[PDB]
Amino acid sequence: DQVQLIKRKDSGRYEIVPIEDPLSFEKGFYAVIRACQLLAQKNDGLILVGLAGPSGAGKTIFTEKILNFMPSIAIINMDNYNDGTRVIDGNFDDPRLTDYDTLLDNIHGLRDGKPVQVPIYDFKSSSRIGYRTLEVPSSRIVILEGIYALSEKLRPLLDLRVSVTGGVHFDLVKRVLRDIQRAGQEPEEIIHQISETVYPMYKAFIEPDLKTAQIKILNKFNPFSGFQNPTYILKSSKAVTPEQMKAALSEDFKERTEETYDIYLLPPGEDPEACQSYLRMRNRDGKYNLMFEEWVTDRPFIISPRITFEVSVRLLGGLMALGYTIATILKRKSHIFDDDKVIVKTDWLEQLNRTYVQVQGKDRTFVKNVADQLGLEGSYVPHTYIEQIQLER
């Protein structure tokens, strides 16, 4: 866990000695920071670091923790370089989406001290809406975050190669194992087969690049952390109009609309309409998210950690190949007001032909008073949407 520098023979720049031992999320967080400090004191110019790893391993939350510790750094999200015309699919896992011509030009300009126009990608329209002007930051540290941030095209230009593995990405594999394990099976062999089925590109395209990392971080998923800081939800049957919400709420509440489609999956086996731990596949604005449905009911609140990570549609096929079955499909249209801390929204679900008001946020006191500000007392429904259709059979 001691960061040490060694001159790379291909140039005069120094490099981090590889740390073969995998490192914790907290320990790796400090190892990366101290490595950048030593690299900045011994090499001139841009300090470019590639943060690679699968979706859900925790590379996104890793970047935003470094940003909060050091606002002087800049984060470049490699998915903003996507070009949808290159593939006929819509899988974000695809390594053929990235426009390496724009990416390599941007980093070469930043190395020469020039500001560059880094693209901005909208997944809803699957197109490049525009560009943003990125200058070399004060700390001259730039983090390139993406699944293939350690690709062969980028490794020569990277100063530090960091990989993140595990997280909810691996926890799903263990969750599937809990659901489908049979007696006499060697658990590690099944885990390997689950990963091949549910993550059909990890072993081939993603993992080999991760092995070249100099700081290997293994984020162990904590089941108890989600309930420490969960999401508190109040659902109402009242008819609070979006016009009423706009006036009642502060001008800090941004207004937006969206359409979502949720696929509820049941584990294989015989759950007699009870003991049912659903897996939810959510489609929203060109992205698929897999959600764990772990709910508690403190009337009138319904509480859940809302653990989710981005997945491909291929994951749905893999889960069904492993015995998971589709219980129902819920299509809704929503009008959302977001304080960036508290969300007030109205959802219309086709299957119920009903409109409900939802106030959600991580601060329980904020959620309750905002619902009280809208006069929602006496109209609360302390049930999940999937539970409501079950109740209304």
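Numbers follow the displayed sequence, beginning with 1.
- Of the two segments, 91 to 99 and 175 to 183, the one listed with the higher mean B-factor is 91 to 99 (C-alpha atoms only).
- Once the C-alpha B-factors are averaged per stretch, 384 to 392 and 3 to 11 rank with 3 to 11 first.
- Based on the entry's C-alpha B-factors, the most elevated value among 272, 200, 113, 223 belongs to 272.
- Within the selection 328, 358, 41, 325, the deposited Cα B-factor values reach their highest point at 41.
- Among all modelled residues in this chain, the alpha-carbon of residue 50 has a temperature factor (C-alpha) in the lowest third.
- Annotation for residue 86: CA B-factor lies in the highest third of the chain's modelled residues.
- The entry lists a Cα temperature factor for residue 253 that places it in the highest third of the chain's modelled residues.
- The PDB entry assigns residue 242 a C-alpha temperature factor belonging to the highest third of its chain's modelled residues.
- The PDB entry assigns residue 140 a C-alpha temperature factor belonging to the highest third of its chain's modelled residues.
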